[PDB]
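A single chain comes next, written as structure tokens; it is the form deposited in one PDB entry.
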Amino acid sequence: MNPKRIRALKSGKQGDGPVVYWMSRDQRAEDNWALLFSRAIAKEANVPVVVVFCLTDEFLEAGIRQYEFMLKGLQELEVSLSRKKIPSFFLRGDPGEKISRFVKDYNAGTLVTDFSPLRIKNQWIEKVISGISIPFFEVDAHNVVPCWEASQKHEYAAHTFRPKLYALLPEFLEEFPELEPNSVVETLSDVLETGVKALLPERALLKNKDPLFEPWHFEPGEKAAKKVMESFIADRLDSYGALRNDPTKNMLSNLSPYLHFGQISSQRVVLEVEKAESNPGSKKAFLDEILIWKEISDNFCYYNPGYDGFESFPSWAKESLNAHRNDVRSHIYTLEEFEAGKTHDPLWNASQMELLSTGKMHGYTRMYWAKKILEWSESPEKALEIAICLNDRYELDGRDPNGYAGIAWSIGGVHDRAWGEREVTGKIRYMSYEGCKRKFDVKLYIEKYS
């Protein structure tokens, strides 16, 4: 029970005592520090622990692919907490109004939530703090090392973040204790049914009204995430290092949709991967992606209020892009062309079809996809929102600190360094279609997504 994993955001007087855990980001029962810590305070007060989830009004800003994935895993989650004598309540509405009412109605004693550096979470926390008098606590249940503990400021390079993270690995890379059960708001399927009816008009469709999304690639839920983790270690971890940059090969862990929704703990993945015997290069490469690059995204969003804006770019990148803002662009595409994949480049939209159909673009093509948006945009700011809009609308792992950090990496050179000067893009790292052809079978990738 490491105390550096928990932060106090509001102090007050404890009420009746029924610890309420406001699940937001980590939607799992196993390997949850916030759930464990909420249980960790329960016995000291001789009171039970409850779980509350909020179905916010912002779900209409996304698609059915993400709403279905979250709700189906929640359905499996509800059964899991019931086996541990933990009741879970699902509230629909603004968290500020619902959580404040629930705390007063249930006479809650202590409130616990999981950490998320996104702006919308800080928006919800602000309203809840002004509407409650019980103590408010938050726990970083998403990062191996707590975000405030890994670094106390913004890190502008991975080389400056890796030694800090690895130095704190021995203290925080530990095994999860078992979740002790308790000593002793109408339906979830109904709220799913009415939700999709509201998102039906905005469903992505093909020419013949055939829906574009294919939901058989990633089964949601805590159970399915474990099998994905087990399959990756047994079959794909050995060749991960050599084939990670090949979109034509399915050699990735495919863990981001579960990681984003908190359906599986990243710490659990690190634990099993570390024990696994594989190629040392592949293990190091995967550990770099899930430890350094994933958690530096939390660092980027936590220490930059404008993480989704041009203001958070490095100084060299802002001046370079500002100097090339007046450069004539080869082509300009609006949001409709980018969304429908109607660009002259056949590689770019081929990634878009993969994003539209499967809901998870390949890691290598996602770099090319976002950088071409900067090339074909009227301004870097326009490319920022165009990339953010498409990413947060169609990616299953979207609306995540990994997304905004990754977009900032591709467009603004965040966590990168200056490269050869070029028109339009300035000193931002360049990715050419010819360069892609020398790295992997572009034609095979294009044919698979037509």
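From 1 onward, residues are counted along the sequence shown. If you superpose the two forms and keep the largest set of C-alpha atoms that fall within 1.5 Å, you have the rigid core.
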| item | value |
| --- | --- |
| Where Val184 meets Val185 in the shown sequence, the number of deposited residues left unmodelled | 10 or more |
| Residue range whose averaged C-alpha B-factor is higher in the record, 293-301 or 153-161 | 153-161 |
| Which of 356-364 and 274-282 has higher mean CA B factor, as the PDB entry lists it | 274-282 |
| Residue with maximal Cα B-factor (values as given in the PDB entry) among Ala224, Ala141, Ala317, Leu188 | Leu188 |
| Maximum C-alpha temperature factor, selected from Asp308, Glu126, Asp114, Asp345 | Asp345 |
| Chain-wide C-alpha B factor ranking for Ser88, given as lowest, middle or highest third | highest |
| Position of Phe218 among the chain's modelled residues by C-alpha B-factor, lowest, middle or highest third | lowest |
| CA B-factor ranking of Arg25, expressed as a third of its chain | lowest |
| Chain-wide C-alpha B factor ranking for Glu381, given as lowest, middle or highest third | lowest |
| Chain-relative CA temperature factor third for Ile388 | lowest |
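The form deposited in another entry exists for this protein as well; it is not shown, and the discussion that follows is about that form.
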property: 2 Å-or-more CA mover between this form and the one not shown, where superposition uses the core and the choices are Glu193, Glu289, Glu378, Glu274; result: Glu193
property: Core superposition between this form and the one not shown, C-alpha change of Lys207 at least 2 Å; result: yes
property: Large Cα move at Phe59 between this form and the one not shown, threshold 2 Å, rigid core; result: yes
property: Closer or farther in that other deposited form: C-alpha pair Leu206, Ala370 (3 angstroms or more); result: farther
property: Pairwise C-alpha change, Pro346 versus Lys207, in that other deposited form against this form - closer or farther, 3 angstroms or more; result: farther
